[PDB]
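Report on one structure; see the data block that follows.
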Amino acid sequence: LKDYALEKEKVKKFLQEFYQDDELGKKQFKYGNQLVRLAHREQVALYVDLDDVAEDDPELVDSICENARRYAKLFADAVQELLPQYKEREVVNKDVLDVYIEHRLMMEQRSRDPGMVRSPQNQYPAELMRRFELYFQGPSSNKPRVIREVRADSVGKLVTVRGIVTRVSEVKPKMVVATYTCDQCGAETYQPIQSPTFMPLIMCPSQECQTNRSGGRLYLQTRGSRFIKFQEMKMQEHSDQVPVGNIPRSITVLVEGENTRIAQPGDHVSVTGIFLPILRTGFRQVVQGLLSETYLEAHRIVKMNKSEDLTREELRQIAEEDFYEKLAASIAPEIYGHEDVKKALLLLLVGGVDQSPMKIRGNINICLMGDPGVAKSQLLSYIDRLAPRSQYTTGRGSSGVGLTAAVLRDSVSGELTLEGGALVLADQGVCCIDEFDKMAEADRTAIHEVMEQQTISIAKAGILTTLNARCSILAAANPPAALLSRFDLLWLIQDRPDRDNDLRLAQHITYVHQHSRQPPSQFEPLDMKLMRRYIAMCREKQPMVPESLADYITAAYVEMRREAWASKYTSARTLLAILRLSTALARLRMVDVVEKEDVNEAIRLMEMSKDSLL
Amino acid sequence: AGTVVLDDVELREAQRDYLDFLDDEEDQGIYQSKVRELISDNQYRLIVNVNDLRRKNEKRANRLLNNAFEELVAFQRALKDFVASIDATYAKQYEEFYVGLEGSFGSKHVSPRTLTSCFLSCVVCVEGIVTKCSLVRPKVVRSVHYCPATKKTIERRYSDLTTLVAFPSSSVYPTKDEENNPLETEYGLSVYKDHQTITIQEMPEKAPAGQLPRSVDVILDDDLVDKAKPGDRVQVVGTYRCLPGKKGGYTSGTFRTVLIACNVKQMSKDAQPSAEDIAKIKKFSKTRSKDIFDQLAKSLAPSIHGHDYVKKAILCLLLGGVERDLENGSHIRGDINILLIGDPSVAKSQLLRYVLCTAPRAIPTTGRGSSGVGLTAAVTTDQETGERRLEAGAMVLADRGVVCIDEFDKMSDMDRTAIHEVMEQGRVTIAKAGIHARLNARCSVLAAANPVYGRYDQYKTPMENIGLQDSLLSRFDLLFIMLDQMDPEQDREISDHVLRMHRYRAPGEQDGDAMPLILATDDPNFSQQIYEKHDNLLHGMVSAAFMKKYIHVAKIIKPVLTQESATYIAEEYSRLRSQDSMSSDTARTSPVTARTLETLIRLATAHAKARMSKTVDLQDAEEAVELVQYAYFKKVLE
Amino acid sequence: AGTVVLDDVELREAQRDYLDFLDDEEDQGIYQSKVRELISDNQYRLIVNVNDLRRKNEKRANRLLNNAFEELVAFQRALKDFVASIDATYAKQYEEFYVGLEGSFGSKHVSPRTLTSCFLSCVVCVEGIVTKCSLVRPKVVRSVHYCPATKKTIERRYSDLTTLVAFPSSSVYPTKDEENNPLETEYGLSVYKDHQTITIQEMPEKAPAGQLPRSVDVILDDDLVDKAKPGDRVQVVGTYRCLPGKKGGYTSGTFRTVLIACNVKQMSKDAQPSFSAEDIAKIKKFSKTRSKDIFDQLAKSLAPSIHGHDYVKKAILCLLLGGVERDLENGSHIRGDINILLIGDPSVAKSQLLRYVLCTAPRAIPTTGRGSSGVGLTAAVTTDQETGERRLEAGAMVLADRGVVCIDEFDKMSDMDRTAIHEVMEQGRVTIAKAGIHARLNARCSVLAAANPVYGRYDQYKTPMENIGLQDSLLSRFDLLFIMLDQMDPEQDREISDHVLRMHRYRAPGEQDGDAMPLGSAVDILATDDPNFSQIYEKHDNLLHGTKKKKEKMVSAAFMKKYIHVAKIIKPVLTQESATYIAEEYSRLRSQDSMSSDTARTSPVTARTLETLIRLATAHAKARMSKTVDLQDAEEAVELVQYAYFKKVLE
DNA sequence: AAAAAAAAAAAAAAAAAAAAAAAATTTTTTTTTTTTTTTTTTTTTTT
Ligand SMILES: Nc1ncnc2c1ncn2[C@@H]1O[C@H](COP(=O)(O)OP(=O)(O)O)[C@@H](O)[C@H]1O
Ligand SMILES: Nc1ncnc2c1ncn2[C@@H]1O[C@H](COP(=O)(O)OP(=O)(O)O)[C@@H](O)[C@H]1O
Ligand SMILES: Nc1ncnc2c1ncn2[C@@H]1O[C@H](COP(=O)(O)OP(=O)(O)O)[C@@H](O)[C@H]1O
Ligand SMILES: [Mg+2]
Ligand SMILES: [Mg+2]
Ligand SMILES: [Mg+2]
Ligand SMILES: [Zn+2]
């Protein structure tokens, strides 16, 4: 119970006189500039930082957290009232809604009669004239909650949760303010929408129609009405924060406006937003009372961990001649040895360069075939955690529709939508397929098609589509033409006992068990964040093969093909592999031209991978 | 205003009796201490023992168990008054306090099949298995509204009429002011309580074999919502009532009955564990810190003779190693996997059943009785919302526990391959297009396999006698070949032990009678001395309960490898990999990989935990080395 | 439960402002003292002066006047809070403390005719006469029930939904328990509130002539139920509202209106005069410093505008002061009321003296010879016409009880009426009875009558017995009978003419500018506050055009009213010396030989002559504030009776 | 001063204007639950 006029004045003071040094120690009035852009219509969403609010008024932040929707509306009204005094020039009428807004304001000014008192139902709804949205960036003090722990005590509260996106619908038009036009009076009726559904109006309430006592039927218009991009996603508990014997819990997040098209399935997302109910009318409730479903009205969605979205010394380390070896070493440092396999996995992460002269994929596929207990699954899991877009499939737990897509009954409307499996979620990413050799034949055929065509051609009963799965494949198996012909690299890992090697491995593993970290080396291994940043910086560095390298590459190919022919499998795929591996090496070296060193390292990797087969 | 109550003799008597029962200073003080405990823990429900209530006041016990609603109302009023007396500032925080019950209910302890009309309005205790667990929905009990036109704020109060007659005026949610101004509901100020509905089914083992199951619907209000999940065995105590229908000029006699749970408790009363016992454990650890491990090993399975190394390994399993969660999220498992590959009638199955009875969260699985989705996680569709849901399997349930896989060898290769991830990294990664999940199952596997041909042919190598591939065997950190040795002396020992155990009789409880073939007495699974007395007929031995408590306390301790033990283990592992570690005529029972070094580290940590060492020393390392040496080699005769 | 307001900004502001106004401690604690006084008196209704309320906060005054129910509820909450703060136990004793209003209502002050629908839900102060009243009925505000079957005790509350939407749920009296157990109501424990309905009609002397009168229905509740009776010129301050109709289904749109009275007042002239410390000190000073001639001073200052008639003025003062009733142990009663009859020549200001008594004396009822006829004069017995029961209506004498009846044209009054009032003149009571009822109403009133002698003008050459056509039976009960002769003496005519012309030439200072006509026309009366129910005083009138000059001041009207009111309560005791003097003088007076020849008695001498001698001595003692009848008082009484009882027959 | 006539009043009886009281199950819908059928997926047997 507080004076909302006073609260509105407080938020207005904050917005108008808050400042920070975000730009090289220059007081710039952050939210003032944002308001300027909002008035100019160059910005749709405004993200208020509750950390900034608390910098001066912590109790206001507490009030917002205790009752966010109310204070969300208060901030929206404050911005609405502030826009005119920040407006500096005329809007360019970005869209049809802007045209409608200007027309309505113009004719309201025309029929103003300023002194006349207008009925409350005789004005434009506030949401009908916004063209902007206001969301809250949760305070840093608020520790993130857990989907299971967010309960009725948090209803109406600004909670921040973290989880995996298991599903997200496609952006749909959700009506905010329905508009109607009458067949008698030429006046517009408006119906703001708060319930999940609504009943369209029949008769017109316009003063003219009421006076004339005409029929005054009115027709619903999608033109003057106001819509907002609407998405419905489901976030899931992280594995590390589920109870002992419990399966992770899922929360329905509703995203609207500029927050849509930020989170896709499989992303690690931290969602700040308001926990709210939805009345459960209709259902013959078992228990009397106003029981209601729940959801999270999203305000700020951020990508976490691998889903995440430089300094002179950083550029120095990139330029350093040993940068490639540093990156190859930093991958899974707790796993001893396997320097060459680490280099191969780094190349798989970086990728080659896609060419569409007939489109030839630039992905690198690697299959670690090996003896039991040789870190195959450990490296697969490390890549799964590292690669920004990655999926992990162990055996037949995720088989069939777990790899491909399936038709599932949608919820926002109710219909057969298409949900993507592991391969789809790994699209333009990595799929780590452990226990490859034990996989079902159908899944193996699907992986075969994905490794070459980058697609999944499903023609089952309920589904007939061609999914796009542009994912590199890092498979693991234990002891072959059926795999050597296809996979870009086939790497054999045999653990042959040896006194010195086993002693070193035992020392390494014992130190790991002691200090929960890899033994110190000459160079500190790079963090997952830095590694992902460098990998991404390498992705957008497409180099090209000079005409000079043609002779050298052809000579190498013919030589290796002679070796394969003489010995007791080489093909054009071998030369393609050399090309894409060399391009990946060039990407890592930050050059636009593939070089002799690149081709040399490609051939060395191929030679050692094949030597592993013997 | 309406018809308030001026004075009520029965209510006053009930509240006075309950306040007297709760105020315990002239008495022992149990419930005063319990109220202080809940105040300290910031809760608003007290668990009151029906046995204590009956002891102090028979009349109040009968009244509470026969007319629960108003009696529980009076009890909760007394509870709030008592909490205010102890500290009013905390009593003001919570609107109401709740009274759950426990203890023994004579005829009110029933199964969903036996919960009939006779128990309507009474307090009942029902033990069963959860089948359905709806979502936790907020139910509004006090709604705050704001009128922008008049700046007024209003509060609407809705009574919990779940089982009482409700009229529409009670449930009318306000939307317009008196003069039809729009009202905006303030969610941040309104009050909601979590509400859930579950279903409790007659336990499959206790239900009659012939007929179909019987179930009961249970309403859980705040503080009792996420206490149970489908498939769990739980005890729910609450009032069995009738749910009102809906307004209608016609009605059939039928009524929909439910159970408003006042408390819910896990069947896994064994999943959880005094200063006397704590000091006893401290002295036991301190006194004989070297032979404590051996004494525990020998006392582990008293009814099974011999198998010293097998029992040592089982103790190491029950203790578990120390997991290593690295700075990069990498995971090194701490659980320990044992495969008893053995000749018929060598007590491997009995060891499995011992671990079932002893260890917390032990799940019994069989070769072909738990296939695929039943053994690991699964994905299904709700069939009502058309949405995909996870379903925990045997190992997901056994997370932070043990899975006893009898007849492991006769599992399909599909299932055995599916179990690889659980064995290695302790999780199940399952995905269908709709939903992908990474469930945690950090379980330890105790498998009981018989060799190909039925009986272990000692002339053939262990690789041949074990019909399993090296990739699978590497999963099991310890592999014990348990032969039915034909030594007459050991035969004498075993026969004497068996006959002594068969001759044993219960002390006093039995005198020549027959063991009987449950609702009459409280259910043991839910029921609330260092050494055994040296009976000559059982010994010719640490107590079971003290062993349980000591293992529980020693599980938490996290010993850290010391440099000396690390060097010793590394040298021994190098030798084990080397060829010289095995002489002629000895064959490896399982290939030695880095998995075996992890086995050594885990076994040494388990030994250090048995000793509560806080450091894994050369003693522990040597014991682990010796056990691995015994387990990983076999001498093949010609 | 249900909706419960949390932040009612208007209610909070109203409560704060009303509590600030009622604090009053810095504002010379007027309302603090009023609250303390009501606390001591054991009252639970505070009367607030709307003028003071407007002076403190004009906003609150306007809000209260234009929104009656809400602001009155806020004011009552503030009053209850203030009463608790001053004394908590009293606040807990009384559930709700009511607030009535008083003062000058600019436009809200109306009559039953001008009270239109524009005043609904407003505070209106309506003047009128109570045409009828209803029996005081108790309405249950909180009932208590006991269930023998279960020993439970429940208590139901009923809200005051008199002018609010009411539903069957609120007005159902429990008669069974939830298990169908018969209940029994505990009448002693239950809470009832007295409620009455009256009808206020526009005053006939104010209503437009020749039209039917306009009425209004008024609702009185606890502590206001019996504040008026039929025929009372009352001022009712209340809230005008529409009474809900019964649950219908079809409504004609017609709504009965009613006035929920928040305060009832009678004519302030009969109210207890306010005696401040300075006023009582001035009365003490007057009585002590001047006692020898105080009676003469008051008699001469009684009616300044009427010249001469000194003995008649003294007799009128004695009548105003009255005697003292004798309540003997055996029930026998003796009246202390003096009866005076002025008869004489036309144009001797006898009607003017009667009018002066009417204007000054409290509870003075005018009457004319034929204006009242029997049942109108004394009490009357009628029937209710709805219950079939007898009922009593108070006549002029009954209404004048403990007062004065000023009768004019007494000679013209029919013999039947004079015979009827015979009892009132002596026993001071009216004895009426019909078959279904009998009563003995109290009429303790002094009769001041005026009459014209037979033949129109007094006959100096005939006996007073023949001049006055009133027989001895009626003459005797008149304590004093004064014959006022229009003597044609040139000097007396000079004095009378000078006095009359001076009085005519006087103008009121300030209000009159030398040419004003003060008459108003039926609108200014309601525009300004009524000078009949309204709320520093000097002692001697300042010299003005009324008299030229001398070493003898004239008593102020207000001071004289206060002094007479104070002195009337005194009951001086008859002393032995005065008793003996009066007895011997009565013996001599009754012995006709004492009076000279050619002298005829105006009225016969009797035990009643002795009683009026005693009463006149008592009145003189009262005037002196003596508390004992002294020799001077007896001398004055004998002088007055001797002058009044004999007239010289000229020839 | 008394008798007769006139009228004046009181009370009782009667007839509308407005308000208040009395009387009131049956048909259709939808939701849940349960079962049946199709196709895909998985499992098992034979070569
Ligand atoms: N070269 C190595 N360096 C460090 N640890 C290793 C190495 N090889 C195996 N390990 C450890 O041995 C265990 C077995 O490796 P894992 O990859 O699970 O077997 P697989 O290769 O069959 O998947 C892992 O826990 C891993 O930490
Ligand atoms: N060493 C032993 N000590 C005690 N009992 C034994 C021993 N060996 C066999 N038995 C008895 O033989 C029976 C074998 O049953 P079980 O253990 O279920 O089969 P298996 O031994 O093949 O696992 C048990 O009832 C057990 O009492
Ligand atoms: N003594 C007097 N002094 C002053 N005015 C007198 C006197 N006598 C008669 N009058 C005047 O005579 C007028 C009428 O007299 P009134 O009161 O009618 O006497 P009555 O009743 O005998 O006719 C009054 O206005 C009054 O002023
Ligand atoms: Mg593996
Ligand atoms: Mg067995
Ligand atoms: Mg006259
Ligand atoms: Zn219209």
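Sequence lines set the chain letters: A, B, ... in the order given, protein chains first and strands last, and positions in each chain run from 1.
- Between A:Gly462 and A:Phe283, it is A:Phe283 whose nearest contact on DNA chain D lies nearer the 5' terminus.
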Donor-acceptor pairs under 3.5 angstrom involving side-chain atoms of residues 281-288 of chain A: please list them, not counting sequence neighbours.
{"residue": "A:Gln285", "atom": "OE1", "partner": "A:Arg280", "partner atom": "NE", "Å": "3.1"}
{"residue": "A:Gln285", "atom": "OE1", "partner": "A:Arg280", "partner atom": "NH2", "Å": "2.9"}
{"residue": "A:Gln285", "atom": "NE2", "partner": "A:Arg280", "partner atom": "O", "Å": "3.1"}
{"residue": "A:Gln285", "atom": "NE2", "partner": "A:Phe283", "partner atom": "O", "Å": "3.0"}
{"residue": "A:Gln288", "atom": "NE2", "partner": "B:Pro244", "partner atom": "O", "Å": "3.3"}

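- Remark: A:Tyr392 engages no residue in a ring-ring contact (aromatic ring centres under 6.0 Å, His included) (not counting sequence neighbours).
- Every residue meeting the side-chain contact (heavy atoms from CB on, under 4.5 Å) condition with B:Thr380, not counting sequence neighbours, appears here in chain and number order: B:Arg389, B:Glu391.
- The residue B:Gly372 sits apart from the nucleic acid: no heavy atom pair falls under 4.0 Å.
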Please set out all donor-acceptor pairs under 3.5 angstrom arising from side-chain atoms of residues 371-380 of chain C, sequence neighbours excluded.
none

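- Listed by chain and residue number, nothing satisfies the ring-ring contact (aromatic ring centres under 6.0 Å, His included) test with B:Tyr453 (two or more places apart in sequence, or in another chain).
- Among residues two or more places apart in sequence or in another chain, the side-chain contact (heavy atoms from CB on, under 4.5 Å) test is passed with A:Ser411 by A:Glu232.
- Remark: B:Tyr240 engages no residue in a ring-ring contact (aromatic ring centres under 6.0 Å, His included) (not counting sequence neighbours).
- Every stem involving DNA chain D, taken as at least 3 paired positions in a row under the Watson-Crick or G-U wobble test at 3.5 Å, would be listed here, but there are none.
- For C:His422, the NE2 atom is densely surrounded, since the number of other residues' heavy atoms within 6.0 Å is greater than 12.
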Return the polar atom pairs (N/O with N/O) between nucleotides 2-10 of chain D and the protein under 3.5 Å, or none.
none

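- Under the ring-ring contact (aromatic ring centres under 6.0 Å, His included) criterion, B:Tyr173 pairs with B:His145, sequence neighbours left out.
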For nucleotides 25-30 of chain D, print each protein N/O atom paired with a nucleotide N/O atom at under 3.5 Å, atom names and distance only.
{"residue": "D:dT30", "atom": "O2", "partner": "A:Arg284", "partner atom": "NH2", "Å": "3.3"}

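- Backbone-only engagement by C:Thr254 is indicated by non-hydrogen atom pairs under 4.0 Å involving sugar-phosphate atoms exclusively.
- Annotation: salt bridge (charged side-chain N to carboxylate O under 4.0 Å, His left out) contacts of B:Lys139 (sequence neighbours excluded): B:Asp160.
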